[PDB]
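A short write-up of the structure that comes next.
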Amino acid sequence: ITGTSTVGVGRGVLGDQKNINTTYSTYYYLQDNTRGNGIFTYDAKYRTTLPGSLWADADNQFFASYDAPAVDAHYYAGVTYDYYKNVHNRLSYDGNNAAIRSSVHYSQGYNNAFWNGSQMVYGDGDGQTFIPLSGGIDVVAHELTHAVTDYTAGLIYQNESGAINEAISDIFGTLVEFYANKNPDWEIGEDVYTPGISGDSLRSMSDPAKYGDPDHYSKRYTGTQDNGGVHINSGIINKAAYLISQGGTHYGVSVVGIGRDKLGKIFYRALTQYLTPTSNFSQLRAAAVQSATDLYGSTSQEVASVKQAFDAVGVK
Ligand SMILES: [Ca+2]
Ligand SMILES: [Ca+2]
Ligand SMILES: [Ca+2]
Ligand SMILES: [Ca+2]
Ligand SMILES: [Zn+2]
C-alpha cells in the first residue's frame with residue numbers, strides 16, 4: 001500500500017521485544033520500505049488461502065499473542081535480506097530487490113513452513129511439536145534461501161539435487177542465525193521445536209545421525225518418500241558444510257576448518273555460478289572445489305579442506 005514508513009514495536013514468538021518497519025496509511029501495515037522493493041507480511045487467518053491479507057494494525061503496537069508470529073516473520077525476513085546484501089552483495093532473492101512476502105497463521109495446528117515459489121508460509125504449530133515456526137530465524141532464512149536457490153541454481157526438488165537444495169537452505173539458514181548472533185548453533189529449528197523438550201532440534205548439521213539422518217554417502221536414502229529423501233540426504237551435505245567451517249575428523253578423515261565466512265563464500269559462489277537444476281552430490285563437490293579455487297587458489301587450504309570434507313562424507 002502507499003503510505004509513509006514508520007517504526008512499530010512488538011514482541012516475537014519467544015517473547016523478545018523488537019522494532020519492526022511498518023507503513024502508515026489509516027492503519028499500520030507490516031510493510032518494510034527500508035529494504036529493496038519492500039518486505040510484506042500477511043495474515044492467513046488460519047486458512048490455506050494465500051497470501052491472505054496484508055497485516056493491518058490499528059496502533060503500530062504488536063504485543064498481542066496473535067501478533068507474535070507476524071512480528072518475527074517480518075523481522076527475520078529483514079535480517080535475512082541484510083545478510084545476503086551485506087555479505088554476498090545480493091539484493092533480495094532474485095538479485096533485483098524483488099518484494100519479499102510472507103504469510104503467518106497458515107491453517108490450524110500446522111507443523112511446518114515453506115516457500116511456495118512466490119512467498120514464505122508459516123504454520124503456528126500444534127503447541128506440542130512446534131510453536132509458530134517464524135520464531136526460528138534459521139527457519140525463516142531456510143525458507144527464503146529456497147527463493148534464492150529457485151532464482152539461481154534451480155535445483156530440482158527431488159533426489160540428490162533436492163537434497164542439495166535442502167542442505168543449501170540449512171547452511172545459509174544457519175549462517176544467517178550466526179550473522180544475527182543470538183544463540184547461534186549448527187542445529188535447525190531448535191527455537192520453535194518441541195517446547196516441552198530442551199536441547200533438541202529438527203535436524204543437526206554437526207551430527208545429522210542424532211536424528212537418524214545420514215552423515216555419509218553409504219547411508220543415503222533412495223526410496224520414494226520425502227521426494228526421495230530430500231530432508232534426509234541433506235545430512236550428508238550439511239555434515240560436509242559443517243566440517244568445512246568447523247573442521248574435525250569424521251570416519252577417520254580429518255578436515256581443517258576454515259570458518260563460517262569462507263564456507264558461505266564458497267557455497268554461495270557454488271550456488272550462483274556452478275550448480276544447475278540437475279546437480280548431484282558429486283557435481284556439488286566439483287562446484288565447491290572450483291568455487292574455492294576461484295576465491296583462494298588451486299593450492300589453497302580452502303580447496304584442500306573442501307576436498308577433505310566431502311571425502312569424509314563419502315562424496316567423490
Ligand atoms: Ca496493535
Ligand atoms: Ca540457535
Ligand atoms: Ca539453529
Ligand atoms: Ca525443543
Ligand atoms: Zn526446505
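If you're wondering about the labels, chains in the C-alpha cells are A, B, ... by order shown, residues count from 1 in each chain, ligands from 1 in order shown.
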Considering only C-alpha atoms and all ligand atoms, tabulate each residue of chain A that lies at most 12 Å from ligand 5 along with its nearest interatomic pair and the corresponding distance in Å to one decimal; arrange the rows by chain and ascending residue number and present them as a tab-separated table.
```
residue	atom	partner	partner_atom_place_in_ligand_line	distance
A:112	CA	ligand 5	1 (Zn)	9.9
A:113	CA	ligand 5	1 (Zn)	8.3
A:114	CA	ligand 5	1 (Zn)	6.5
A:115	CA	ligand 5	1 (Zn)	7.6
A:116	CA	ligand 5	1 (Zn)	10.3
A:117	CA	ligand 5	1 (Zn)	11.8
A:120	CA	ligand 5	1 (Zn)	10.7
A:121	CA	ligand 5	1 (Zn)	11.6
A:138	CA	ligand 5	1 (Zn)	10.8
A:139	CA	ligand 5	1 (Zn)	8.5
A:140	CA	ligand 5	1 (Zn)	10.0
A:141	CA	ligand 5	1 (Zn)	9.8
A:142	CA	ligand 5	1 (Zn)	6.2
A:143	CA	ligand 5	1 (Zn)	5.9
A:144	CA	ligand 5	1 (Zn)	9.1
A:145	CA	ligand 5	1 (Zn)	8.4
A:146	CA	ligand 5	1 (Zn)	6.6
A:147	CA	ligand 5	1 (Zn)	10.1
A:148	CA	ligand 5	1 (Zn)	11.8
A:149	CA	ligand 5	1 (Zn)	10.6
A:150	CA	ligand 5	1 (Zn)	11.6
A:155	CA	ligand 5	1 (Zn)	11.9
A:157	CA	ligand 5	1 (Zn)	9.3
A:158	CA	ligand 5	1 (Zn)	11.7
A:162	CA	ligand 5	1 (Zn)	9.2
A:163	CA	ligand 5	1 (Zn)	9.2
A:164	CA	ligand 5	1 (Zn)	10.1
A:165	CA	ligand 5	1 (Zn)	7.4
A:166	CA	ligand 5	1 (Zn)	4.9
A:167	CA	ligand 5	1 (Zn)	8.0
A:168	CA	ligand 5	1 (Zn)	8.7
A:169	CA	ligand 5	1 (Zn)	6.0
A:170	CA	ligand 5	1 (Zn)	7.5
A:171	CA	ligand 5	1 (Zn)	10.8
A:172	CA	ligand 5	1 (Zn)	11.3
A:173	CA	ligand 5	1 (Zn)	9.9
A:188	CA	ligand 5	1 (Zn)	10.8
A:189	CA	ligand 5	1 (Zn)	11.5
A:202	CA	ligand 5	1 (Zn)	11.8
A:203	CA	ligand 5	1 (Zn)	11.5
A:226	CA	ligand 5	1 (Zn)	11.3
A:227	CA	ligand 5	1 (Zn)	11.9
A:229	CA	ligand 5	1 (Zn)	11.8
A:230	CA	ligand 5	1 (Zn)	8.6
A:231	CA	ligand 5	1 (Zn)	7.4
A:232	CA	ligand 5	1 (Zn)	11.1
A:234	CA	ligand 5	1 (Zn)	9.9
```
- [ ] Could you report the residues within 9 Å of ligand 2, using only C-alpha atoms and all ligand atoms, as a PyMOL selection string?
- [x] chain A and resi 136-138+174+177-178+181-191
Task: Closest of A:68, A:308, A:3, A:123 to ligand 1 - atom-to-atom distances counting only C-alpha atoms and all ligand atoms - done: A:68
Open item on the list: Let me see if you get this right: every residue at most 6 Å from ligand 4, counting only C-alpha atoms and all ligand atoms, written as a list in words.
Closed with: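 Taking only C-alpha atoms and all ligand atoms into account, the residues around ligand 4 at most 6 Å away are residues 190, 193, 194, 195, 196, 197, 198, 199 and 200 of chain A.
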TODO: Step one, run DSSP on the backbone; step two, keep only residues of segment 9-86 of chain A assigned to strand (DSSP E or B); then write them as a PyMOL selection string.
DONE: chain A and resi 9-11+17-25+27-29+31-32+39-43+53-54+56-57+61-62
TODO: Residues within 8 Å of ligand 1, counting only C-alpha atoms and all ligand atoms: report them as a VMD selection string.
DONE: chain A and resid 57 to 64
Write a file of the just-selected residues containing C-alpha atoms, as an mmCIF file, in the first residue's frame.
```
data_model
loop_
_atom_site.group_PDB
_atom_site.id
_atom_site.type_symbol
_atom_site.label_atom_id
_atom_site.label_comp_id
_atom_site.auth_asym_id
_atom_site.auth_seq_id
_atom_site.Cartn_x
_atom_site.Cartn_y
_atom_site.Cartn_z
ATOM 1 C CA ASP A 57 -2.683 -2.946 12.910
ATOM 2 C CA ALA A 58 -4.504 -0.005 14.461
ATOM 3 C CA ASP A 59 -1.807 1.489 16.727
ATOM 4 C CA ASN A 60 1.594 0.228 15.456
ATOM 5 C CA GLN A 61 1.992 -1.841 18.655
ATOM 6 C CA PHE A 62 2.297 -5.594 18.156
ATOM 7 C CA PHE A 63 2.279 -7.164 21.636
ATOM 8 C CA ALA A 64 -0.719 -9.484 21.208
#
```
TODO: Pick out the closest residue to residue 94 of chain A from this set: A:127, A:36, A:264, A:52. Count only C-alpha atoms.
DONE: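 Nearest to residue 94 of chain A: A:36.
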Task: For residue 208 of chain A: contacts at 8 Å, only C-alpha atoms, fewer than 4 positions along chain excluded, given as a ChimeraX atom specification - done: /A:203-204,212-215,235-236,238-239
Would you save the residues of that selection, restricted to N, CA, C and O atoms, as a PDB file, in the first residue's frame?
```pdb
ATOM      1  N   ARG A 203      16.746 -30.924  12.842  1.00  0.00           N
ATOM      2  CA  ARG A 203      17.893 -31.542  12.196  1.00  0.00           C
ATOM      3  C   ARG A 203      19.162 -31.031  12.860  1.00  0.00           C
ATOM      4  O   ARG A 203      19.161 -29.994  13.526  1.00  0.00           O
ATOM      5  N   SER A 204      20.250 -31.773  12.667  1.00  0.00           N
ATOM      6  CA  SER A 204      21.563 -31.385  13.170  1.00  0.00           C
ATOM      7  C   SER A 204      22.550 -31.388  12.015  1.00  0.00           C
ATOM      8  O   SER A 204      22.698 -32.403  11.326  1.00  0.00           O
ATOM      9  N   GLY A 212      18.739 -39.647  13.002  1.00  0.00           N
ATOM     10  CA  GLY A 212      18.553 -40.699  12.027  1.00  0.00           C
ATOM     11  C   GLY A 212      18.881 -40.320  10.603  1.00  0.00           C
ATOM     12  O   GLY A 212      18.664 -41.135   9.700  1.00  0.00           O
ATOM     13  N   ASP A 213      19.397 -39.115  10.370  1.00  0.00           N
ATOM     14  CA  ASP A 213      19.750 -38.716   9.019  1.00  0.00           C
ATOM     15  C   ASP A 213      21.178 -39.145   8.690  1.00  0.00           C
ATOM     16  O   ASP A 213      22.043 -39.180   9.572  1.00  0.00           O
ATOM     17  N   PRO A 214      21.449 -39.479   7.429  1.00  0.00           N
ATOM     18  CA  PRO A 214      22.781 -39.978   7.075  1.00  0.00           C
ATOM     19  C   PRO A 214      23.839 -38.891   7.168  1.00  0.00           C
ATOM     20  O   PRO A 214      23.608 -37.735   6.805  1.00  0.00           O
ATOM     21  N   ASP A 215      25.012 -39.282   7.663  1.00  0.00           N
ATOM     22  CA  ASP A 215      26.193 -38.431   7.660  1.00  0.00           C
ATOM     23  C   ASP A 215      27.278 -38.985   6.743  1.00  0.00           C
ATOM     24  O   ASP A 215      28.448 -38.610   6.873  1.00  0.00           O
ATOM     25  N   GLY A 235      21.532 -34.364   5.197  1.00  0.00           N
ATOM     26  CA  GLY A 235      22.506 -34.531   6.263  1.00  0.00           C
ATOM     27  C   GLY A 235      23.910 -34.776   5.749  1.00  0.00           C
ATOM     28  O   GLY A 235      24.886 -34.350   6.372  1.00  0.00           O
ATOM     29  N   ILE A 236      24.033 -35.463   4.612  1.00  0.00           N
ATOM     30  CA  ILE A 236      25.349 -35.711   4.027  1.00  0.00           C
ATOM     31  C   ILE A 236      26.012 -34.396   3.642  1.00  0.00           C
ATOM     32  O   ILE A 236      27.204 -34.182   3.897  1.00  0.00           O
ATOM     33  N   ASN A 238      24.959 -31.270   4.690  1.00  0.00           N
ATOM     34  CA  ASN A 238      25.079 -30.478   5.910  1.00  0.00           C
ATOM     35  C   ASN A 238      26.348 -30.839   6.673  1.00  0.00           C
ATOM     36  O   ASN A 238      27.074 -29.953   7.139  1.00  0.00           O
ATOM     37  N   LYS A 239      26.634 -32.136   6.811  1.00  0.00           N
ATOM     38  CA  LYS A 239      27.831 -32.550   7.536  1.00  0.00           C
ATOM     39  C   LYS A 239      29.090 -32.052   6.841  1.00  0.00           C
ATOM     40  O   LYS A 239      30.021 -31.567   7.496  1.00  0.00           O
TER      41      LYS A 239
END
```
Open item on the list: Please identify the helix (DSSP H, G or I) residues within segment 44-146 of chain A (assignment by DSSP from backbone atoms) and present them as a ChimeraX atom specification.
Closed with: /A:65-88,133-135,137-146
Using only N, CA and C atoms, please write the residues we just selected to a file, as an mmCIF file, in the first residue's frame.
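Saved result, part-v7.cif, follows:
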```
data_model
loop_
_atom_site.group_PDB
_atom_site.id
_atom_site.type_symbol
_atom_site.label_atom_id
_atom_site.label_comp_id
_atom_site.auth_asym_id
_atom_site.auth_seq_id
_atom_site.Cartn_x
_atom_site.Cartn_y
_atom_site.Cartn_z
ATOM 1 N N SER A 65 -0.622 -11.888 21.491
ATOM 2 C CA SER A 65 -0.201 -13.242 21.150
ATOM 3 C C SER A 65 -0.374 -13.511 19.662
ATOM 4 N N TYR A 66 -1.485 -13.044 19.087
ATOM 5 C CA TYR A 66 -1.743 -13.239 17.667
ATOM 6 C C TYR A 66 -0.751 -12.486 16.787
ATOM 7 N N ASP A 67 -0.130 -11.419 17.302
ATOM 8 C CA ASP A 67 0.832 -10.650 16.517
ATOM 9 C C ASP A 67 2.190 -11.332 16.428
ATOM 10 N N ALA A 68 2.551 -12.129 17.433
ATOM 11 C CA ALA A 68 3.930 -12.594 17.580
ATOM 12 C C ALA A 68 4.479 -13.286 16.340
ATOM 13 N N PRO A 69 3.797 -14.256 15.726
ATOM 14 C CA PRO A 69 4.379 -14.885 14.529
ATOM 15 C C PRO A 69 4.590 -13.905 13.392
ATOM 16 N N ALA A 70 3.716 -12.905 13.259
ATOM 17 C CA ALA A 70 3.893 -11.905 12.214
ATOM 18 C C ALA A 70 5.106 -11.029 12.495
ATOM 19 N N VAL A 71 5.293 -10.629 13.754
ATOM 20 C CA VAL A 71 6.453 -9.817 14.119
ATOM 21 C C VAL A 71 7.740 -10.501 13.673
ATOM 22 N N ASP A 72 7.881 -11.790 13.995
ATOM 23 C CA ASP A 72 9.140 -12.483 13.736
ATOM 24 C C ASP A 72 9.336 -12.761 12.251
ATOM 25 N N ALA A 73 8.277 -13.175 11.552
ATOM 26 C CA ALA A 73 8.394 -13.392 10.114
ATOM 27 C C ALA A 73 8.824 -12.113 9.411
ATOM 28 N N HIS A 74 8.246 -10.981 9.815
ATOM 29 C CA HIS A 74 8.604 -9.691 9.237
ATOM 30 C C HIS A 74 10.047 -9.330 9.565
ATOM 31 N N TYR A 75 10.427 -9.467 10.837
ATOM 32 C CA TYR A 75 11.745 -9.031 11.284
ATOM 33 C C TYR A 75 12.845 -9.926 10.725
ATOM 34 N N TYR A 76 12.651 -11.246 10.788
ATOM 35 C CA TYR A 76 13.695 -12.166 10.346
ATOM 36 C C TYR A 76 13.840 -12.173 8.829
ATOM 37 N N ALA A 77 12.772 -11.864 8.093
ATOM 38 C CA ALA A 77 12.929 -11.622 6.664
ATOM 39 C C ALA A 77 13.859 -10.440 6.419
ATOM 40 N N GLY A 78 13.736 -9.389 7.233
ATOM 41 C CA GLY A 78 14.631 -8.251 7.099
ATOM 42 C C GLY A 78 16.072 -8.611 7.405
ATOM 43 N N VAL A 79 16.290 -9.352 8.495
ATOM 44 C CA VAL A 79 17.642 -9.781 8.843
ATOM 45 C C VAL A 79 18.239 -10.615 7.717
ATOM 46 N N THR A 80 17.449 -11.526 7.146
ATOM 47 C CA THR A 80 17.964 -12.364 6.070
ATOM 48 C C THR A 80 18.304 -11.526 4.844
ATOM 49 N N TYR A 81 17.442 -10.569 4.493
ATOM 50 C CA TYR A 81 17.764 -9.645 3.411
ATOM 51 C C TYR A 81 19.084 -8.935 3.684
ATOM 52 N N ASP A 82 19.272 -8.457 4.917
ATOM 53 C CA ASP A 82 20.517 -7.782 5.270
ATOM 54 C C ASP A 82 21.712 -8.707 5.095
ATOM 55 N N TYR A 83 21.574 -9.968 5.510
ATOM 56 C CA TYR A 83 22.676 -10.914 5.366
ATOM 57 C C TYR A 83 23.107 -11.031 3.910
ATOM 58 N N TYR A 84 22.164 -11.340 3.020
ATOM 59 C CA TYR A 84 22.522 -11.535 1.621
ATOM 60 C C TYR A 84 23.050 -10.250 0.992
ATOM 61 N N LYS A 85 22.538 -9.092 1.411
ATOM 62 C CA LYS A 85 23.019 -7.833 0.849
ATOM 63 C C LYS A 85 24.421 -7.503 1.351
ATOM 64 N N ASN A 86 24.628 -7.543 2.670
ATOM 65 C CA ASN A 86 25.904 -7.109 3.231
ATOM 66 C C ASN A 86 27.010 -8.125 2.979
ATOM 67 N N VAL A 87 26.682 -9.413 3.009
ATOM 68 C CA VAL A 87 27.708 -10.453 2.964
ATOM 69 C C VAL A 87 27.992 -10.904 1.537
ATOM 70 N N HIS A 88 26.961 -11.021 0.698
ATOM 71 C CA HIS A 88 27.115 -11.546 -0.655
ATOM 72 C C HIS A 88 26.750 -10.530 -1.729
ATOM 73 N N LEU A 133 6.302 -21.189 13.661
ATOM 74 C CA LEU A 133 7.622 -21.524 13.143
ATOM 75 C C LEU A 133 8.438 -20.302 12.744
ATOM 76 N N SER A 134 7.806 -19.144 12.551
ATOM 77 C CA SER A 134 8.577 -17.945 12.247
ATOM 78 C C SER A 134 9.426 -17.486 13.425
ATOM 79 N N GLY A 135 9.214 -18.043 14.618
ATOM 80 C CA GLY A 135 10.065 -17.741 15.756
ATOM 81 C C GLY A 135 11.485 -18.251 15.628
ATOM 82 N N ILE A 137 14.808 -18.031 13.498
ATOM 83 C CA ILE A 137 15.456 -17.268 12.438
ATOM 84 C C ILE A 137 16.084 -18.199 11.412
ATOM 85 N N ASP A 138 16.557 -19.374 11.840
ATOM 86 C CA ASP A 138 17.097 -20.320 10.869
ATOM 87 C C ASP A 138 15.995 -20.897 9.990
ATOM 88 N N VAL A 139 14.779 -21.031 10.525
ATOM 89 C CA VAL A 139 13.653 -21.476 9.707
ATOM 90 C C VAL A 139 13.313 -20.424 8.659
ATOM 91 N N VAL A 140 13.258 -19.156 9.065
ATOM 92 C CA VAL A 140 12.896 -18.090 8.133
ATOM 93 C C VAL A 140 13.935 -17.980 7.025
ATOM 94 N N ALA A 141 15.214 -17.936 7.398
ATOM 95 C CA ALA A 141 16.265 -17.839 6.392
ATOM 96 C C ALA A 141 16.350 -19.108 5.551
ATOM 97 N N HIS A 142 16.067 -20.269 6.149
ATOM 98 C CA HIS A 142 15.954 -21.504 5.378
ATOM 99 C C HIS A 142 14.962 -21.339 4.232
ATOM 100 N N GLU A 143 13.744 -20.891 4.546
ATOM 101 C CA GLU A 143 12.709 -20.788 3.523
ATOM 102 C C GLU A 143 13.065 -19.733 2.483
ATOM 103 N N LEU A 144 13.530 -18.562 2.926
ATOM 104 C CA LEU A 144 13.895 -17.518 1.972
ATOM 105 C C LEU A 144 15.081 -17.943 1.112
ATOM 106 N N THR A 145 15.965 -18.792 1.643
ATOM 107 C CA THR A 145 17.071 -19.295 0.833
ATOM 108 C C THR A 145 16.571 -20.191 -0.295
ATOM 109 N N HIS A 146 15.443 -20.882 -0.097
ATOM 110 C CA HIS A 146 14.833 -21.614 -1.204
ATOM 111 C C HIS A 146 14.523 -20.677 -2.363
#
```
Task: For ligand 3, the nearest of the candidates A:41, A:31, A:56, A:180, counting only C-alpha atoms and all ligand atoms - done: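 Nearest candidate to ligand 3 out of A:41, A:31, A:56, A:180: A:180.
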TODO: Kindly indicate which residue among A:46, A:179, A:110, A:122 lies nearest to ligand 3, using only C-alpha atoms and all ligand atoms for the distances.
DONE: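 Once distances to ligand 3 are computed over only C-alpha atoms and all ligand atoms, the minimum belongs to A:179.
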Task: Among the residues A:176, A:244, A:44, A:288, the one that comes closest to ligand 3 [using only C-alpha atoms and all ligand atoms] - done: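 Checking each candidate against ligand 3, we get A:176 as the closest.
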- [ ] May I have the residues within 8 Å of segment 15-25 of chain A as JSON, numbers by chain, using only C-alpha atoms and disregarding those fewer than 2 positions away in the same chain?
- [x] {"A": [1, 2, 3, 4, 5, 6, 7, 8, 9, 10, 11, 12, 13, 27, 28, 29, 30, 31, 32, 33, 34, 60, 68, 71, 74, 75]}
Write out as a tab-separated table (two decimals) with N, CA and C atoms, in the first residue's frame each polymer residue whose atoms come within 6 Å of residue 45 of chain A, counting only C-alpha atoms; drop sequence neighbours fewer than 2 positions from it.
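The resulting file, part.tsv, is shown below:
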```tsv
chain	number	residue	atom	x	y	z
A	43	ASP	N	-1.57	-11.91	6.96
A	43	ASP	CA	-2.33	-12.76	7.87
A	43	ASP	C	-3.15	-13.75	7.04
A	47	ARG	N	-6.49	-19.97	7.59
A	47	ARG	CA	-6.90	-20.60	6.35
A	47	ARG	C	-5.67	-20.99	5.55
A	105	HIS	N	0.10	-17.65	10.45
A	105	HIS	CA	-1.20	-18.21	10.83
A	105	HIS	C	-1.80	-19.01	9.67
```
Task: Shortest interatomic distance to ligand 3 - which of A:91, A:175, A:50, A:275, counting only C-alpha atoms and all ligand atoms - done: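 Under the stated criterion, the closest residue is A:175.
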Open item on the list: To one decimal place in Å, what is the distance between atom CA of residue 124 of chain A and atom CA of residue 161 of chain A?
Closed with: 29.2 Å
Within 10 Å of residue 98 of chain A, counting only C-alpha atoms, which residues qualify if same-chain residues fewer than 6 places away don't, as a PDB file with N, CA, C and O atoms, in the first residue's frame?
```pdb
ATOM      1  N   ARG A  35      13.984  -1.781   2.749  1.00  0.00           N
ATOM      2  CA  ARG A  35      14.795  -2.833   2.150  1.00  0.00           C
ATOM      3  C   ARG A  35      14.250  -3.166   0.770  1.00  0.00           C
ATOM      4  O   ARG A  35      13.114  -3.636   0.644  1.00  0.00           O
ATOM      5  N   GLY A  36      15.061  -2.926  -0.258  1.00  0.00           N
ATOM      6  CA  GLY A  36      14.674  -3.282  -1.611  1.00  0.00           C
ATOM      7  C   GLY A  36      13.344  -2.672  -1.999  1.00  0.00           C
ATOM      8  O   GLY A  36      13.067  -1.496  -1.741  1.00  0.00           O
ATOM      9  N   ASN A  37      12.507  -3.481  -2.647  1.00  0.00           N
ATOM     10  CA  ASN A  37      11.172  -3.067  -3.051  1.00  0.00           C
ATOM     11  C   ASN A  37      10.106  -3.507  -2.056  1.00  0.00           C
ATOM     12  O   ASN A  37       8.930  -3.613  -2.422  1.00  0.00           O
ATOM     13  N   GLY A  38      10.491  -3.774  -0.821  1.00  0.00           N
ATOM     14  CA  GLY A  38       9.515  -3.965   0.237  1.00  0.00           C
ATOM     15  C   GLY A  38       9.492  -5.381   0.781  1.00  0.00           C
ATOM     16  O   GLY A  38       9.653  -6.362   0.044  1.00  0.00           O
ATOM     17  N   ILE A  39       9.293  -5.486   2.092  1.00  0.00           N
ATOM     18  CA  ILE A  39       9.023  -6.749   2.768  1.00  0.00           C
ATOM     19  C   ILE A  39       7.602  -6.659   3.309  1.00  0.00           C
ATOM     20  O   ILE A  39       7.283  -5.751   4.088  1.00  0.00           O
ATOM     21  N   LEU A  91      20.825  -8.460  -3.772  1.00  0.00           N
ATOM     22  CA  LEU A  91      19.674  -7.618  -3.460  1.00  0.00           C
ATOM     23  C   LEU A  91      18.416  -8.474  -3.566  1.00  0.00           C
ATOM     24  O   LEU A  91      17.885  -8.695  -4.658  1.00  0.00           O
ATOM     25  N   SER A  92      17.943  -8.954  -2.416  1.00  0.00           N
ATOM     26  CA  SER A  92      16.784  -9.836  -2.334  1.00  0.00           C
ATOM     27  C   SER A  92      17.063 -11.159  -3.040  1.00  0.00           C
ATOM     28  O   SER A  92      18.196 -11.422  -3.457  1.00  0.00           O
TER      29      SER A  92
END
```
